[PDB]
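Only one chain comes next, encoded as structure tokens, the form deposited in one PDB entry.
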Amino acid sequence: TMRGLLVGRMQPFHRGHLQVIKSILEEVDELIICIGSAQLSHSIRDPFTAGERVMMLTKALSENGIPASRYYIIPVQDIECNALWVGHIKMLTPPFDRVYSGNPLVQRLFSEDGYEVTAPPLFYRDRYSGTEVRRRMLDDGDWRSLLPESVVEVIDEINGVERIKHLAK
């Protein structure tokens, strides 16, 4: 059993993330998906709580017919010590074989701990990113079209738009 790992803030989870995830699922048996910076919420850059993001991911992966036997969803708080972050991830996750990240720090930390590391198989453009999603939530643009419907429903339930607009005053 070959297990990959992916880590991202997912503020919020959007179609870009999902596309990356599906691409990774072509080359691993199971994917561990870590929601990074789980401690950060209620800012313009990081509006949603760990729990809200768990909800988004859990619903999105279920709505798209990905079998539950092929993924794990795990919130992970940042820590002060970079040299310990890999150990922190390992404690919170099933054993894994390969890490997917385009981030140099994430790459290097996992590589120094002896893991295989590769870039994600797909890169999405800025117009489909979290920054664009949040900007559209703020400016009454079409944020919904950038997200799976199951994520839009989470955002409606938790009043995500009202939250982010209030925080931008």
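Residue numbers here begin at 1 and follow the sequence given. Note that the rigid core is defined as the largest set of C-alphas that superpose within 1.5 Å between two forms. Residues that one form lacks are left out of the comparison.
The same protein has a further form, the form deposited in another entry, not shown here; the description that follows concerns it.
With the core superposed, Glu30 shows a C-alpha displacement below 2 Å between this form and the one not shown. Remark: with the core as the superposition reference, the CA shift of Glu112 between this form and the one not shown reaches 2 Å or more. Once both forms are fitted on their core, the CA shift for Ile44 between this form and the one not shown remains under 2 Å. Between the C-alpha atoms of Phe123 and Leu146, a gap narrowed by no less than 3 Å is obtained in the other form, as opposed to the form on display.
Listed in sequence order, the runs of at least 3 residues with C-alpha movement of 2 Å or more between this form and the one not shown, after fitting the core, are 102-105, 111-116, 120-124.
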